[PDB]
Amino acid sequence: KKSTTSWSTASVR
Amino acid sequence: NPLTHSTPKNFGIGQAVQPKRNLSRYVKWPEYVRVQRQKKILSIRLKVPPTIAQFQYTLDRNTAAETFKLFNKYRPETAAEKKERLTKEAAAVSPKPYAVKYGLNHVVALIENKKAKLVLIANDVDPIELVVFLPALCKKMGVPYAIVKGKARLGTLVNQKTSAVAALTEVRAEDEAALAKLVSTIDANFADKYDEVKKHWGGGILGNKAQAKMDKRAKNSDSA
Amino acid sequence: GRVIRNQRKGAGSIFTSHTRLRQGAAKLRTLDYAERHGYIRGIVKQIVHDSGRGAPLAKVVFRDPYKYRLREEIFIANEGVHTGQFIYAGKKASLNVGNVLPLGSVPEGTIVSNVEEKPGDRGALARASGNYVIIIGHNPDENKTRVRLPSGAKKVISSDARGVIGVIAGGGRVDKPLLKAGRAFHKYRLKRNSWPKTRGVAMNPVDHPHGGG
Amino acid sequence: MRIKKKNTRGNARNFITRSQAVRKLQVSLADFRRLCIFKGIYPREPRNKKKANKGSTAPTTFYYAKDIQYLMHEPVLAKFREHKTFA
Amino acid sequence: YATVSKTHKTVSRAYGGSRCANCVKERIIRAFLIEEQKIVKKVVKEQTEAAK
RNA sequence: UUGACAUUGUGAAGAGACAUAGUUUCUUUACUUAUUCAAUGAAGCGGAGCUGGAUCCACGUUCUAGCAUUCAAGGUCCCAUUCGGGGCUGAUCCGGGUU
RNA sequence: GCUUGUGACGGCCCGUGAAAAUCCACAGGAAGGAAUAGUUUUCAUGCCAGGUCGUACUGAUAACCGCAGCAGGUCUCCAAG
RNA sequence: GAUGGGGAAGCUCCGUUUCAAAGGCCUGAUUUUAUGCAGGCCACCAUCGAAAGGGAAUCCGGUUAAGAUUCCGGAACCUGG
Ligand SMILES: [Mg+2]
Ligand SMILES: [Mg+2]
Ligand SMILES: [Mg+2]
Ligand SMILES: [Mg+2]
Ligand SMILES: [Mg+2]
Ligand SMILES: [Mg+2]
Ligand SMILES: [Mg+2]
Ligand SMILES: [Mg+2]
Ligand SMILES: [Mg+2]
Ligand SMILES: [Mg+2]
């Protein structure tokens, strides 16, 4: 759920 | 049209604001641009010794085009078709290759051993000491040479980005006559034509403003 | 020995100018195309007192020739300049008090002030109150002009150097006695820390070479 | 809390003009239009156009800023960059 | 001044607010008279150029 | 403070030596390209105009505490008329030097 | 009447007695906007929110410094008959 | 008092906008060469430095062993959306 890198997408529109 | 009128603008001194004009002459350029421009200008302004000034005399357009037309038929084998050739030899276990010779040390050795039929020397080589001795070596060894514009052009000849020198040593029987005719053409157009003028010092050119001042001073001296 | 005040003043420190209340450096316009070839008209908006300077200053507003805006300049006021006056600066300006003209465009005997030492430095000579420069003569072949300075010296300068017609306002200031250490104190409070002065003989030999006895 | 600046919140942040969207995506206008067509990004109209455009009444195409931010994560944009390199 | 209506910060006249009535009157007069004098000077100079 | 050497380049004129074909030393006088000083918003520099007026000038700004800003109005070629859109000019040309 | 704030003045200077954040106004008019419907959040009313740190007391012949609960030293406001 | 630069064997020094390619904004179906961004506008320098300078907006009543323009009751105002 939480980010690992500083730039993320995580795919929620 | 009664609704439109002519309203001329006075762009003289103490008048309406000046319009936008092309100010490219007054641009404060980046320092690297200024440095390369002033370096070229200084090379023009200074008196150039003959062994450097000889590199400003190159092959003309038509002769250079014919030379490169000959050499592109002997452009070397690329890495893609080398793998194809190496797989063909593995199944058998190949004819003799014909290619443009390149690489400065290799070409110098070929010239010293008198194997090079024709030598092409790029004029824009920095540092210039790498090729500044080549015309004299070719003349002493009796090898036909030609100074050409573009190490990038020679690089396209030899599948590289740049090339200081290219050399033709072995040619096919279908192109031996063309090579001989090209050698005679280069002898007529480059060796004989520029034999005297390559012995002179170059770069005796004044700037624009200094030239105008000298001409005005000469006119004032000769006529009142 | 020890360091005297003559040598201590060069370090700066407590000997720097007191410049809080100053109006700004008094200079001519930058020598641009308009002043090189024709003229330009500004307007005197106000005449103001400058702290630490005897002569009054004038605020003059010009129009920017390359952009729609106004440019403000601080001039040293010549005597007779008034608020609302039009001031003409350039090579084609007329010979009237307050106008800025090249030295080569004025006749002999012309009285100028705030004269450029070299063309472009925007005024260096005859700036104090009551002072002026006299145009002695011209040398057109060398494109030079001979002038007489307030000290009596004679100088040769470029004819493209500019000057303001007239004499600096506020003359006769030094003819009135101060009468009072307090008035001297208030005079130097707005200039710099160079007052009061102790005599070198009054000091000890370590403090000053003249000291002792 | 100190006084907040104007033209920073509300309609000023909700919408983004086309030029600003193109600059933020760092692509060309044609690529921007094709990406908007592919992803279904459509122009919108604020109820307070002067608030959205800092008092200007000039006609301007507005998009949702969060829609542009979501568009930033489309791999077709990376494919477009790869095609530019290949060309 | 940002809390009051525009009526409290202006008067119903050109340059209302920033400039007073007499200054506005004087600049109107000066503009008209100077433009008329400019027309007169243009006519006089244009005739003088041909007459010279 | 004075002198030598290096940084240090390019011409022309007059004198020296190969014994009256140009290889260098010594003076005189130029030049710019190194170096140095200053300024700017690196905006108008230098030359030329079968440019105009009378070798010189822009005849585009001087009674007045006004105004001067939206690729510039207009002229003239196109467009496909449609809310308008382009080109030359208005505002001469050339330069391998920001002044 | 005392204290204090404020106004219009007058005297003084070879002394003429801060900057910036910030707010408003004007000039200009790129533009946008109505007939069976528009415009105006600088008119009124209605909706929501406002983080972090400090905050006790002394301020002195005993809460500060002077080795002390030291006749010393230490900035300022209010002020009755 | 950094950066850009320049000094100094070096710890570091000068200097504070210069000597720097020091960054923001607008328009676009750019007469399309077909899946590669075109045309323009405006410009000067980090940061720190005042609990007496500048500065958005709050009052009264009550309440504690010790809080108070901060709590409670009532009545306001400012800023942003
Ligand atoms: Mg003594
Ligand atoms: Mg308390
Ligand atoms: Mg207390
Ligand atoms: Mg103690
Ligand atoms: Mg102690
Ligand atoms: Mg420092
Ligand atoms: Mg601070
Ligand atoms: Mg305070
Ligand atoms: Mg208490
Ligand atoms: Mg409460």
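Proteins get letters first, then strands, A, B, ... in listed order; numbering begins at 1 in each. Worth knowing before you read on, the calculation uses all heavy atoms, side chains too, and leaves out hydrogens, waters and symmetry mates.
Across all strands shown, E:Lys6 has heavy atoms under 4.0 Å from base atoms, whether or not it also approaches the sugar-phosphate. Contacts of C:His37 with the nucleic acid, taken as non-hydrogen atoms under 4.0 Å apart, involve only primed sugar atoms and P, OP1 or OP2. When heavy atoms are screened at a 4.0 angstrom cut-off, C:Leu190 is found touching the sugar-phosphate backbone but no base atom. Heavy atoms of B:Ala210 sit under 4.0 angstrom from at least one base atom. If you check every strand for non-hydrogen atoms under 4.0 Å, C:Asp175 touches nothing. Counting non-hydrogen atoms under 4.0 angstrom, B:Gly207 reaches a base of the nucleic acid.
Taking side-chain N and O atoms only, D:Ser28 has a distance below 4.0 Å to OP1 or OP2 of H:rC37. In this model, the phosphate group of F:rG44 is not approached by any side-chain N or O of B:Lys20 to a distance below 4.0 Å at OP1 or OP2. Side-chain nitrogen and oxygen atoms of B:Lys216 include at least one within less than 4.0 Å of the OP1 or OP2 phosphate oxygen of F:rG47.
Between the side chain of C:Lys59 and the backbone N or O of C:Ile74, no donor-acceptor pair lies under 3.5 Å.
Annotation: proximity of residues 16-49 of chain E to RNA chain H (heavy atom, distance under 4.0 Å) is found for no residue. Less than 4.0 Å separates RNA chain H from at least one heavy atom of each of the following residues of residues 49-85 of chain C: C:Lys67. Listed in residue order, the members of residues 21-49 of chain B having a heavy atom less than 4.0 Å from RNA chain H are B:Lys28, B:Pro30, B:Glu31, B:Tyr32.
In this structure, H:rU64 forms no base pair with H:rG28 under the Watson-Crick or G-U wobble definition at 3.5 Å. Under the 3.5 Å cutoff applied to both distances, G:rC14 and G:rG46 fail to qualify as a Watson-Crick or G-U wobble pair.
Base stacking between strand neighbours F:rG41 and F:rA42 is not detected by the criterion of six-membered ring centres within less than 5.5 Å and interplanar angle below 30°.
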Could you run down the sub-3.5 Å N/O contacts of the protein with nucleotides 25-27 of chain H?
| residue | atom | partner | partner atom | Å |
| --- | --- | --- | --- | --- |
| H:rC26 | OP1 | D:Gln20 | NE2 | 2.9 |
| H:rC26 | OP2 | D:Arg23 | NH1 | 3.2 |
| H:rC26 | OP2 | D:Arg23 | NH2 | 2.6 |
| H:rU27 | OP2 | D:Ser19 | OG | 2.9 |

Kindly give the atom pairs (protein nitrogen or oxygen, nucleotide nitrogen or oxygen) under 3.5 Å for nucleotides 51-55 of chain G.
| residue | atom | partner | partner atom | Å |
| --- | --- | --- | --- | --- |
| G:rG51 | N7 | D:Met1 | N | 3.0 |
| G:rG51 | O6 | D:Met1 | N | 2.9 |

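Screening residues 16-57 of chain C for ring pair (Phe, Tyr, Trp, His ring centres under 6.0 Å) gives C:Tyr33-C:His37, C:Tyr39-C:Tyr88 as the qualifying pairs, with residues at least two apart or on separate chains.
Put simply, CG on C:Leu28 is 14 Å from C1' on F:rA39, counting in whole angstrom units.
Nearest-nucleotide assignment on RNA chain H puts the 5′-proximal partner with D:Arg34, out of D:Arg34 and D:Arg9. Place C:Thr30 and C:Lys92 on RNA chain F by their nearest nucleotides, and C:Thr30 ends up nearer the 5' end.
Stacking between C:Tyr39 and F:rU61 is present: the aromatic ring centre lies within less than 5.5 angstrom of the base six-membered ring centre, and the two planes differ by under 30 degrees. Once the 5.5 Å centre distance and the 30° plane angle are applied, the aromatic ring of D:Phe80 is found not to be stacked with the base of H:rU35.
Picking from H:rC37, G:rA31, F:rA30 the nucleotide with the shortest atom distance to the side chain of D:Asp31 gives H:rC37.
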message = Show, in sequence, the C-alpha distance, side-chain angles and deciding distance for E:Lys38 and E:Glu35, and conclude whether the salt bridge (charged side-chain N to carboxylate O under 4.0 Å, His left out) test is met.
response = CA-CA 5 Å; E:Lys38 283 180 186 175; E:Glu35 294 297 329; 3.7 Å; yes

